[PDB]
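Notes follow the structure.
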Amino acid sequence: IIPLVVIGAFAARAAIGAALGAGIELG
Amino acid sequence: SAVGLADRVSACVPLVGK
Amino acid sequence: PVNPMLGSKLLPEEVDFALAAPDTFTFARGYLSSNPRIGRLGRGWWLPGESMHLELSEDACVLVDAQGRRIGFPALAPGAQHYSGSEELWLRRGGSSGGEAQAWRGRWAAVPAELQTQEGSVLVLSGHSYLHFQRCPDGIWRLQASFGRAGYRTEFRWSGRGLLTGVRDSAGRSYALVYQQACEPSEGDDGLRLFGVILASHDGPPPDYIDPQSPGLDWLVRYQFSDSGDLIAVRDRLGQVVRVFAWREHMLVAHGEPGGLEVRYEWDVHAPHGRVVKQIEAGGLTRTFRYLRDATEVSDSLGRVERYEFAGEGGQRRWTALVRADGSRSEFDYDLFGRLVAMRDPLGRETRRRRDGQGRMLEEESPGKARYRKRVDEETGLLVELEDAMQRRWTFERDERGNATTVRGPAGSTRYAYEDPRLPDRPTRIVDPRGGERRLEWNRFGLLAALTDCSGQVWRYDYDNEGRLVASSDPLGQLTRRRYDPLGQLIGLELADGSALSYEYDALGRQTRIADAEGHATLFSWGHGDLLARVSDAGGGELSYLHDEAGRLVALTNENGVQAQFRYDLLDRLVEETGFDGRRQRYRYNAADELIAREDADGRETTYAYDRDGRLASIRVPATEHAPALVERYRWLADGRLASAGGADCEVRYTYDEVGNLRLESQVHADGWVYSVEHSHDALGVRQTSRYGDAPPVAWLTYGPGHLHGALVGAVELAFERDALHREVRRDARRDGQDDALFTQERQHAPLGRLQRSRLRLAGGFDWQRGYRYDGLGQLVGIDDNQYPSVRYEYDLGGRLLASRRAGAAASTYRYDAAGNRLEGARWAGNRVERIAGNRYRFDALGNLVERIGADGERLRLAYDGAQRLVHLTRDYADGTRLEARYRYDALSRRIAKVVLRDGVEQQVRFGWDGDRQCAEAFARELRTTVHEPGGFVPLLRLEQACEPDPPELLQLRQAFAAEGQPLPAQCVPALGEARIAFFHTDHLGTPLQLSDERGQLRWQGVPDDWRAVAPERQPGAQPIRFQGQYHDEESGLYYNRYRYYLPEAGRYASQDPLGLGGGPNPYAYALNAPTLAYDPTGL
């Protein structure tokens, strides 16, 4: 997709796997 | 077959709605 | 939900609380209307302790299920066993029939020895959990403990009147249950109801007496009851009500939550045998149920009617067929035990399940005849042998407790050790097939406390009293802390670099805000349930979502206020999609919900075909004005791996080894040119050697789980040094015959893996020191460089690059609209930027760029096929000079050739590929091989070989070996010259900025640029790699990504994203409009 190597706002595993809103809309 | 046969089928499936 | 076969209302188990433990004690409650037993939550509810009931008589044994289903067995003599094939339940009573007592073996070895000789004890084995029922002095069998095969016991404590007063889970916590008189006693009901559960203590014995009215208690859950004893409210760990129920004669007629969900029910008769006749959902669908002799028709508020068909009576009734809203009919077949053995989709494809023995299943057969055998031990009932569709077998060896000590797969054997006395099922030592050994440590909650990898680096984890992760330590000692509210929701995430995230939730537990320490946050608005309604980012942009009664997204509004429409058929399948620019696509499906046709905005229809397993088999791309109709055929292996991808111009064949690793990938072009990439793998499926066509083989030196520490190409050896996090910190290159290293590249990393400093020292004297600066968001806000001018970056609140200020130069300011479209110098509705950088852009009906006119008069025409792939372009310069280029692609949309016609002279360049990475550029008299770093698109080194066209007999030999899927022998290689090796020296993003030869000198140097990735140069063919995965086309000036073409002068792609809305709201945006932070390697 669009990997953000430096930015950890959304590409970081901790920052994206801990978001319930973004982790529940996937399916 | 006759051993451990319930008198009613489980309601797990199918399910409709919420 | 409502079970149309029976007409009853079922509420599946809802976990009120589940504190972490080796065997977590989940306090799950469920409701079934047909259940007539009046429990501690009213009629129809089941709770822990009162879920499963056991009755033993002199003539029969009855095991009442959680749902109240009476499973009948013959008389259970002491020591006897009973198996329920239909229910997969094992019952064994303790004691002996009179003979010599023997220790229980097989599936009964996990029970304690004292329980085996107790005549008044019965063990129930439901799956992997053992239930201990003990007969009490009043003659009622009630659950005493629920232990697994590892011995984690969940004691249940009963008192007088048969009340479950206390529960002690496997982690030592003590739970106290409080009962109060809620209604007057009647027949079959004493009136006592469970008014809540108290976490009495976390360790040690529970207090002897607990006063329910005493303040300061820890109420994990609380319940409210009406005057009739029906459960009307459920309260969370706090005082907040989270569930509300309404009852008519002890029948659930309305359930929901405060806000969010509200469902009402209507019954033909208010009794346990009554059936739901109408299910009204607030803001959703109202369903009406009509019950026939052997079918149930479920009408809908949208007019859809679904028919559920069933056969049999009593407990043997099974759901046999399903006729959907459009008449599609799915059928199910059952064996004599009621287990599912066949399943036919609406197209007629049948999935079989052959069962044998007491394991209930041994083989499943796909419609494409793909068998997944699964052998289970006859005595212990545990998995022993597993075989997939390619006849690859996994063999499990187990110890006395059923723990898989060794797992023997197609690639070596993995060995497990269980050396923790407290937790005999947690592995404390894992040895991979390659031989690397990992060590694990566990705490009293059964959670991972320390992980030591193969290299000896230790990851540590910390938990609170309730088993929630609150601190993580990496091998470098960087802490990642977490904060939780009493409800257990994550409200704070402090990262290793000091950046802290804070989360907010509504009453329903849905996430509503994600904020940083800076202050700017993203807001979430929700509609009904988990249906997102609005997302507002830090920059003020909003994505509004509109849903219909069926919960289907019918409109999407982007930041510019432009709507994208969606339409659906009776099966909730997208049949029409209008984009933000008016591009309308229509879809067609067969009976099995498979996309078989897709009409696009220009009226051209693409038809799809599938094999028996549902995988894509062929795509019939329609003919366009500049390309003929083409058929792309795909063939798959039984396990789902791609075997071939045929097209009109290329035939890609994939060959796999006995393990499934991609061993050979051969690409045979239509004109006979063959390019093959061969790999060798270790026991972990990590590439060890790679041969890219006729280039010299590349040997990868890896340790542990594939961490690269060396590379060998020809006479050149690369060496990598890594830190405790296995991040590269030093890189060397040495050539045989030279004492000194060709270059040394040292790197320093920020706590979150961000590159902080880098220093490159070539042997020729080129010194490149680069220092990186980041802000609180992790955005690169500055680069200190001694070879190139230092640059300072500015970003808006939305994360887009606003300006870049090189030292001693004018700033390059960029302006965007709401949606993220660059504005030269209001908005671009439809996301089609028709004027930027002094150029006029013209798009076709499908959004592809078909015309670019510059200020000087330069004209660039683009032509596409029916797959939206650029197949022909014409470029006219201001000097009245023309240029024509044609491109060829394989079935995977990878550009395999480039034919550029200029002044009547035709030059052809062929490209070889290694998966998604382009690794060859076959010119007329030169083969240029690019080797990328493993597992990424960062170029590592380049190989150049002088070559000549292959003789006709050699081409036939190459095609022969390609057909059989075997690599060409090294003795038949052509007369290629000695390979010249050059090394890529990339920046933080993997964009090559320098190119060094075998003597440490510089061959190519590129000045960094914001959107072009490199300042324009006279000869872009000397080094065509820009960004990651982009190839600079010299003839047109476009950057070829994997799937699309990128406009360097516009900072956007020339065509819409093939993924559509899946890629993002803007189909043309590149790298989130932050080319200094992100990249698109596959162009998606």
Side-chain angles (χ1 to χ4, degrees), chain A residues 17-18 20 23-24, chain C residues 11-31 39-41 45-52 66 126-131 143 145-157 164-178 194-203 206 217-223 231 234-243 257 422-423 425-426 442-449 461-470 482-491 505 508-511:
Chain A
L20 182 57
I24 202 61
Chain C
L11 280 174
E13 291 185 352
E14 304 173 352
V15 179
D16 292 334
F17 60 87
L19 306 184
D23 261 0
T24 300
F25 169 65
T26 68
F27 197 88
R29 49 165 178 81
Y31 175 81
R40 297 309 174 187
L41 290 187
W45 294 96
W46 69 78
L47 280 176
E50 68 174 9
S51 59
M52 181 176 299
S126 61
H128 293 346
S129 180
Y130 296 78
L131 301 179
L143 184 63
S146 175
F147 56 92
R149 195 168 52 257
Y152 306 142
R153 295 176 50 89
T154 303
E155 287 89 343
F156 293 87
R157 198 152 294 99
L164 182 60
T165 55
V167 176
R168 178 185 180 93
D169 66 336
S170 52
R173 286 184 286 261
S174 300
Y175 306 89
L177 287 77
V178 183
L194 177 67
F195 269 72
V197 183
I198 302 178
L199 181 53
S201 61
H202 296 81
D203 50 357
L217 299 174
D218 190 3
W219 292 88
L220 298 172
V221 70
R222 263 172 294 193
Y223 305 104
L231 177 63
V234 175
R235 301 166 60 181
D236 53 0
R237 203 190 189 107
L238 306 172
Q240 310 306 133
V241 178
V242 299
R243 293 288 293 176
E257 309 163 349
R422 310 170 308 174
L423 308 176
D425 77 325
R426 297 300 193 275
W442 313 83
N443 48 15
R444 45 183 290 259
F445 309 115
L447 302 168
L448 188 58
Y461 308 92
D462 294 330
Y463 304 84
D464 54 354
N465 286 329
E466 303 181 9
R468 297 192 297 256
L469 182 58
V470 301
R482 302 175 186 265
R483 288 166 51 252
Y484 300 91
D485 56 359
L487 302 184
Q489 300 162 336
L490 183 64
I491 69 175
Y505 305 87
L508 294 320
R510 298 172 302 188
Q511 202 172 66

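Scope of the values below: all heavy atoms of this structure, side chains included, with no hydrogens, waters or symmetry mates. Each chain gets a letter, A, B and so on, in the order the sequences are listed, and its residues count up from 1.
- No more than 12 heavy atoms of other residues, nucleotides or ligands shown are found within 6.0 angstrom of CD1 on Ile24(A).
- Scanning for salt bridge (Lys or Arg N to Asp or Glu O under 4.0 Å) contacts around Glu13(C) gives an empty result, with sequence neighbours left out.
- To the nearest 0.5 Å, the span separating CG on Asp464(C) from CZ on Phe445(C) amounts to 7.0 Å.
- Heavy atoms only, all atoms of each residue included: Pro22(C) and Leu423(C) are closest at CG-CD2, 3.7 Å.
- Residues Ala18(A) and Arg482(C) come closest through the heavy atom pair CB-NH1, 3.8 Å.
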Given the rule in the side chain to side chain contact (heavy atoms under 4.5 Å, CB included) test, do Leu41(C) and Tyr31(C) qualify, once you have shown the distances and angles that lead to the verdict?
CA-CA 10 Å; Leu41(C) 290 187; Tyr31(C) 175 81; over 6 Å; no
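- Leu231(C) is listed as a side-chain neighbour of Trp45(C), based on a closest heavy-atom distance under 4.5 Å.
- You'll find the side chain of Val197(C) stays beyond 4.5 Å of the side chain of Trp219(C), heavy atoms only.
- Under the side-chain contact (heavy atoms from CB on, under 4.5 Å) criterion, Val167(C) pairs with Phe25(C), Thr154(C), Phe156(C), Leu164(C), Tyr175(C), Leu177(C), not counting sequence neighbours.
- Of the inter-residue distances, the one linking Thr165(C) atom OG1 with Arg157(C) atom CZ reads 7.0 Å to the nearest 0.5 angstrom.
- Taking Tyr461(C) as the reference, nothing meets the ring-ring contact (aromatic ring centres under 6.0 Å, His included) condition, with sequence neighbours excluded.
- At least one donor-acceptor pair under 3.5 Å links the side chain of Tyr484(C) to the backbone N or O of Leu469(C).
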For this session: Take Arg235(C) and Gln240(C) through the side chain to side chain contact (heavy atoms under 4.5 Å, CB included) test and state the conclusion after the steps.
Result: CA-CA 5 Å; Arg235(C) 301 166 60 181; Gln240(C) 310 306 133; over 6 Å; no
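- The closest donor-acceptor contact from the side chain of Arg444(C) to the backbone of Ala171(C) lies under 3.5 Å.
- Between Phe147(C) and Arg153(C) the shortest heavy-atom distance is CB-CG, 3.8 Å.
- Closest heavy-atom contact between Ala28(C) and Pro48(C): O-CD, 3.4 Å.
- One distance of note links CG of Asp236(C) with CZ of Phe17(C); it measures 13.0 Å at 0.5 Å rounding.
- With rounding to the nearest 0.5 Å, the separation of OH in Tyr152(C) from CG in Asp425(C) is 3.5 Å.
- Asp16(C) and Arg29(C) are joined by a salt bridge, as a carboxylate oxygen and a charged side-chain nitrogen come within less than 4.0 angstrom of each other.
- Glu50(C) approaches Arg40(C) most closely through the heavy-atom pair OE2-N, 3.2 Å.
- With hydrogens and angles left out, the side-chain atoms of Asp485(C) and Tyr505(C) include no donor and acceptor closer than 3.5 Å.
- The two residues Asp23(C) and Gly148(C) have their closest heavy-atom pair at OD2-N, 3.8 Å.
- With rounding to the nearest 0.5 Å, the separation of CZ in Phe195(C) from OH in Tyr223(C) is 12.5 Å.
- Of the possible donor and acceptor atoms, none in the side chain of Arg237(C) sits under 3.5 Å from a partner among the backbone N and O of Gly488(C).
- With values rounded to the nearest 0.5 angstrom, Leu19(C) atom CG is found 7.0 Å from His202(C) atom NE2.
- Proximity of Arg168(C) to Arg173(C): side-chain heavy atoms (C-beta onward) are nowhere separated by under 4.5 Å.
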